[PDB]
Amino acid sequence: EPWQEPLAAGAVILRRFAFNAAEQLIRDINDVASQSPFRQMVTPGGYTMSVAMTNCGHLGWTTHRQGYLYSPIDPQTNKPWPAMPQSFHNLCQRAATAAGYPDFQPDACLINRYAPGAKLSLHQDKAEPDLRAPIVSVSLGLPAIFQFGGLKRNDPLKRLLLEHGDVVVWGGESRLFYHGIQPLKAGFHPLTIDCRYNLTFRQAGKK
């Protein structure tokens, strides 16, 4: 079934942890996306991102003229983001628990969609005010190479092949570690067809 692969202090890959729940989540990805479509956000410096994005839950990650921000409102629809699906919340809390983060209460889910070539540059998740809360990151569909630092931009990166069902969780000592996804290679998956989805759960607000 599902196994573990430690990464760094506070960081684990829960291999295939989400494999069983994958269909229900992908279904929910569609339902979220029907309310708040995937869009390729433009960074504050004017770059269009290659990853296409949407959000569900109380707070959604968004780009804005003044920098990267969490908003209760989808500027694409000027409505609040969709409620977080029960399957999202359930899988997430299970993972955070299996990962040794017992009381994770996410208020934010970023949905990433990678088409072939799409990537996400090395970066830290530092837009969140409460650093105690872990990051839970679910991989679905096409395989990708995830790199994992690194408190500095340039200390050794681990390069991990993340497959459909894999969940990476990080936090505590590794909460601000650099990470990213290399240009997605083309392929097929039965459940996602031609792309890779990622679900990043966070506590983006304040307890």
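One-based numbering along the sequence shown.
- Across the two stretches, 122-130 and 69-77, the PDB entry reports the greater mean Cα temperature factor for 69-77.
- Legend: mean Cα B-factor per stretch from the PDB entry, 172-180 versus 40-48; the higher mean is in 40-48.
- Based on the entry's C-alpha B-factors, the most elevated value among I135, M84, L110, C92 belongs to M84.
- Ranked by Cα temperature factor within the chain, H64 sits in the highest third according to the deposited record.
- When the modelled residues of the chain are ordered by their C-alpha B factor, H164 lands in the lowest third.
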